[PDB]
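S.K.: So here's protein25.csv (CSV, N, CA and C atoms).
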```csv
chain,number,residue,atom,x,y,z
U,470,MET,N,0.8,-1.2,0.0
U,470,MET,CA,0.0,0.0,0.0
U,470,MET,C,0.9,1.3,0.0
U,471,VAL,N,0.6,2.1,-1.0
U,471,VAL,CA,1.4,3.4,-1.1
U,471,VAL,C,1.4,4.1,0.2
U,472,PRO,N,2.4,5.0,0.4
U,472,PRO,CA,2.6,5.8,1.6
U,472,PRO,C,1.5,6.9,1.8
U,473,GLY,N,0.9,7.3,0.6
U,473,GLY,CA,-0.1,8.3,0.6
U,473,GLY,C,-0.4,8.8,-0.8
U,474,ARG,N,0.7,9.5,-1.3
U,474,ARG,CA,0.5,10.1,-2.6
U,474,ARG,C,1.8,9.8,-3.5
U,475,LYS,N,1.6,9.2,-4.6
U,475,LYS,CA,2.7,8.9,-5.5
U,475,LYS,C,2.3,9.2,-7.0
U,476,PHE,N,3.3,9.5,-7.8
U,476,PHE,CA,3.1,9.7,-9.2
U,476,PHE,C,4.1,9.0,-10.1
U,477,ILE,N,3.8,8.8,-11.3
U,477,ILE,CA,4.7,8.1,-12.3
U,477,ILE,C,4.8,8.9,-13.6
U,478,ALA,N,6.0,9.1,-14.1
U,478,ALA,CA,6.2,9.7,-15.4
U,478,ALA,C,5.9,8.8,-16.5
U,479,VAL,N,5.1,9.3,-17.5
U,479,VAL,CA,4.7,8.6,-18.6
U,479,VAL,C,5.4,9.1,-19.9
U,480,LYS,N,5.9,10.3,-19.8
U,480,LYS,CA,6.7,10.9,-20.9
U,480,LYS,C,8.0,11.4,-20.5
U,481,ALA,N,8.7,12.1,-21.4
U,481,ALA,CA,10.0,12.7,-21.0
U,481,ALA,C,10.0,14.2,-21.0
U,482,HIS,N,10.9,14.8,-20.3
U,482,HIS,CA,11.0,16.2,-20.2
U,482,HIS,C,12.3,16.7,-19.6
U,483,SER,N,12.7,17.9,-19.9
U,483,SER,CA,14.0,18.4,-19.5
U,483,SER,C,13.8,19.8,-18.7
U,484,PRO,N,14.7,20.1,-17.8
U,484,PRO,CA,14.7,21.3,-17.0
U,484,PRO,C,14.9,22.6,-17.9
U,485,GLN,N,13.8,23.4,-18.1
U,485,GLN,CA,13.9,24.6,-18.9
U,485,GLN,C,15.1,25.5,-18.4
U,486,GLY,N,15.4,25.4,-17.1
U,486,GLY,CA,16.5,26.2,-16.6
U,486,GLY,C,16.4,26.2,-15.1
U,487,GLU,N,15.5,27.0,-14.5
U,487,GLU,CA,15.4,27.2,-13.1
U,487,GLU,C,13.9,27.0,-12.6
U,488,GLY,N,13.7,26.0,-11.8
U,488,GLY,CA,12.4,25.7,-11.3
U,488,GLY,C,11.7,24.6,-12.1
U,489,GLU,N,12.5,23.7,-12.7
U,489,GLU,CA,12.0,22.6,-13.5
U,489,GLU,C,13.0,21.4,-13.4
U,490,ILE,N,12.4,20.2,-13.3
U,490,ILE,CA,13.1,19.0,-13.2
U,490,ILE,C,12.9,18.1,-14.4
U,491,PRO,N,13.9,17.2,-14.7
U,491,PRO,CA,13.8,16.2,-15.8
U,491,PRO,C,12.7,15.2,-15.6
U,492,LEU,N,12.5,14.4,-16.7
U,492,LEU,CA,11.5,13.3,-16.6
U,492,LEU,C,11.8,12.2,-17.6
U,493,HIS,N,11.5,11.0,-17.2
U,493,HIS,CA,11.8,9.8,-18.0
U,493,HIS,C,10.7,8.7,-17.8
U,494,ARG,N,10.2,8.2,-19.0
U,494,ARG,CA,9.2,7.2,-18.9
U,494,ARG,C,9.5,6.1,-18.0
U,495,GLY,N,8.7,5.9,-16.9
U,495,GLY,CA,9.0,4.8,-16.0
U,495,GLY,C,9.5,5.4,-14.7
U,496,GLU,N,9.7,6.7,-14.6
U,496,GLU,CA,10.3,7.3,-13.4
U,496,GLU,C,9.2,7.5,-12.4
U,497,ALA,N,9.7,7.6,-11.1
U,497,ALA,CA,8.7,7.8,-10.0
U,497,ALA,C,8.7,9.2,-9.5
U,498,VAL,N,7.6,9.9,-9.9
U,498,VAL,CA,7.5,11.3,-9.5
U,498,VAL,C,6.6,11.5,-8.3
U,499,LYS,N,6.8,12.6,-7.5
U,499,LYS,CA,6.1,12.8,-6.3
U,499,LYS,C,5.5,14.2,-6.3
U,500,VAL,N,4.2,14.4,-6.7
U,500,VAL,CA,3.6,15.7,-6.7
U,500,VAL,C,3.4,16.2,-5.3
U,501,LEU,N,3.7,17.5,-5.2
U,501,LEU,CA,3.6,18.2,-3.9
U,501,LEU,C,2.7,19.5,-4.0
U,502,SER,N,3.1,20.3,-5.0
U,502,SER,CA,2.4,21.6,-5.3
U,502,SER,C,1.8,21.6,-6.7
U,503,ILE,N,0.9,22.5,-6.9
U,503,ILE,CA,0.2,22.7,-8.2
U,503,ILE,C,0.3,24.1,-8.7
U,504,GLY,N,0.7,24.2,-9.9
U,504,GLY,CA,0.8,25.5,-10.5
U,504,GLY,C,-0.5,26.1,-11.0
U,505,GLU,N,-0.5,26.5,-12.3
U,505,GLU,CA,-1.7,27.1,-12.9
U,505,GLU,C,-2.6,25.9,-13.4
U,506,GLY,N,-2.1,25.3,-14.5
U,506,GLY,CA,-2.9,24.2,-15.1
U,506,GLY,C,-2.1,23.4,-16.0
U,507,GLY,N,-1.0,22.7,-15.5
U,507,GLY,CA,-0.2,21.9,-16.3
U,507,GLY,C,1.2,21.7,-15.7
U,508,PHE,N,1.6,22.6,-14.8
U,508,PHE,CA,2.9,22.6,-14.2
U,508,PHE,C,2.8,22.4,-12.7
U,509,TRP,N,3.2,21.2,-12.2
U,509,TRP,CA,3.1,20.9,-10.7
U,509,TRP,C,4.5,20.8,-10.2
U,510,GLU,N,4.6,21.1,-8.9
U,510,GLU,CA,5.9,21.0,-8.2
U,510,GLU,C,6.0,19.7,-7.4
U,511,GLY,N,7.1,19.0,-7.6
U,511,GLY,CA,7.3,17.7,-6.9
U,511,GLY,C,8.7,17.3,-6.9
U,512,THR,N,9.0,16.0,-6.7
U,512,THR,CA,10.3,15.4,-6.6
U,512,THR,C,10.4,14.1,-7.4
U,513,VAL,N,11.5,13.9,-8.1
U,513,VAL,CA,11.7,12.7,-8.9
U,513,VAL,C,13.2,12.4,-9.0
U,514,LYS,N,13.5,11.1,-8.9
U,514,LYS,CA,14.9,10.7,-8.9
U,514,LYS,C,15.8,11.5,-8.0
U,515,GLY,N,15.2,12.0,-7.0
U,515,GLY,CA,15.9,12.8,-6.0
U,515,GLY,C,15.9,14.3,-6.4
U,516,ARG,N,15.7,14.6,-7.6
U,516,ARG,CA,15.7,16.0,-8.1
U,516,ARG,C,14.3,16.6,-7.7
U,517,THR,N,14.4,17.9,-7.3
U,517,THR,CA,13.2,18.6,-6.9
U,517,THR,C,12.9,19.8,-7.9
U,518,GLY,N,11.6,20.1,-8.1
U,518,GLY,CA,11.2,21.2,-9.0
U,518,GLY,C,9.9,21.0,-9.6
U,519,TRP,N,9.5,21.8,-10.6
U,519,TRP,CA,8.2,21.7,-11.3
U,519,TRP,C,8.4,20.8,-12.5
U,520,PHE,N,7.2,20.2,-12.9
U,520,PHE,CA,7.2,19.4,-14.1
U,520,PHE,C,5.8,19.4,-14.7
U,521,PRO,N,5.8,19.1,-16.1
U,521,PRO,CA,4.5,19.0,-16.8
U,521,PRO,C,3.6,17.9,-16.4
U,522,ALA,N,2.5,18.2,-15.8
U,522,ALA,CA,1.5,17.2,-15.3
U,522,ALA,C,1.1,16.3,-16.5
U,523,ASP,N,1.2,16.8,-17.7
U,523,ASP,CA,0.9,16.0,-18.9
U,523,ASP,C,1.8,14.9,-19.1
U,524,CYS,N,2.9,14.9,-18.4
U,524,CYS,CA,3.9,13.8,-18.5
U,524,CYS,C,3.9,12.9,-17.3
U,525,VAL,N,3.0,13.2,-16.4
U,525,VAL,CA,2.9,12.4,-15.1
U,525,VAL,C,1.5,11.9,-14.9
U,526,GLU,N,1.4,10.7,-14.2
U,526,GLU,CA,0.2,10.1,-14.0
U,526,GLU,C,0.1,9.6,-12.5
U,527,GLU,N,-1.0,10.0,-11.8
U,527,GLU,CA,-1.2,9.7,-10.4
U,527,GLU,C,-1.4,8.2,-10.3
U,528,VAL,N,-0.9,7.6,-9.2
U,528,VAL,CA,-1.1,6.2,-8.9
U,528,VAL,C,-2.5,5.7,-9.1
U,529,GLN,N,-3.4,6.7,-8.8
U,529,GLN,CA,-4.9,6.4,-8.9
U,529,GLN,C,-5.3,6.0,-10.3
U,530,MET,N,-4.4,6.3,-11.3
U,530,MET,CA,-4.7,5.9,-12.7
U,530,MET,C,-3.5,5.2,-13.3
```
Please express what this file holds, its structure, as structure tokens.
M.R.:
Amino acid sequence: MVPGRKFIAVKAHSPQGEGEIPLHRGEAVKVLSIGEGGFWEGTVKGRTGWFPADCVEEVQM
């Protein structure tokens, strides 16, 4: 049983520069904050920052 809230990356993505983290299909992402409508803040592979929700999927799905 999950600890509470977990996410998984379905697509790839790179850090635009400051305030963004990379992404890789099969990676374990952890959503924490929510931006406007597509960019959420979380942690993945140890790296922290914002990422495109369109490339992440909640364990609920």
S.K.: Contacts of range 511-516 of chain U at 5 Å or less, counting all atoms listed in the file, minus same-chain residues fewer than 6 places along, as a list in words?
M.R.: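 Residues near the query, excluding close chain neighbours: residues 497, 498, 499, 500, 501 and 502 of chain U.
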S.K.: Compile the contact shell of range 478-495 of chain U as an mmCIF file with N, CA and C atoms, in the coordinates of the input: residues with an atom at most 6 Å away, counting all atoms listed in the file, same-chain residues fewer than 4 positions apart removed.
M.R.:
```
data_model
loop_
_atom_site.group_PDB
_atom_site.id
_atom_site.type_symbol
_atom_site.label_atom_id
_atom_site.label_comp_id
_atom_site.auth_asym_id
_atom_site.auth_seq_id
_atom_site.Cartn_x
_atom_site.Cartn_y
_atom_site.Cartn_z
ATOM 1 N N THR U 517 14.400 17.900 -7.300
ATOM 2 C CA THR U 517 13.200 18.600 -6.900
ATOM 3 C C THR U 517 12.900 19.800 -7.900
ATOM 4 N N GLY U 518 11.600 20.100 -8.100
ATOM 5 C CA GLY U 518 11.200 21.200 -9.000
ATOM 6 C C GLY U 518 9.900 21.000 -9.600
ATOM 7 N N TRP U 519 9.500 21.800 -10.600
ATOM 8 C CA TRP U 519 8.200 21.700 -11.300
ATOM 9 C C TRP U 519 8.400 20.800 -12.500
ATOM 10 N N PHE U 520 7.200 20.200 -12.900
ATOM 11 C CA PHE U 520 7.200 19.400 -14.100
ATOM 12 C C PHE U 520 5.800 19.400 -14.700
ATOM 13 N N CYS U 524 2.900 14.900 -18.400
ATOM 14 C CA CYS U 524 3.900 13.800 -18.500
ATOM 15 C C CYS U 524 3.900 12.900 -17.300
ATOM 16 N N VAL U 525 3.000 13.200 -16.400
ATOM 17 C CA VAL U 525 2.900 12.400 -15.100
ATOM 18 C C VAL U 525 1.500 11.900 -14.900
ATOM 19 N N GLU U 526 1.400 10.700 -14.200
ATOM 20 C CA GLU U 526 0.200 10.100 -14.000
ATOM 21 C C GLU U 526 0.100 9.600 -12.500
#
```
S.K.: May I have all residues of range 471-516 of chain U that DSSP, computed from the backbone, assigns to strand (DSSP E or B), given as an NGL selection string?
M.R.: :U and (476-478 or 482 or 489 or 492 or 497-503 or 508-513 or 516)
S.K.: Could you work out how far CA of residue 472 in chain U lies from atom C of residue 523 in chain U, giving the answer in Å with one decimal?
M.R.: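 Value for the atom C of residue 523 in chain U-CA of residue 472 in chain U distance: 22.6 Å.
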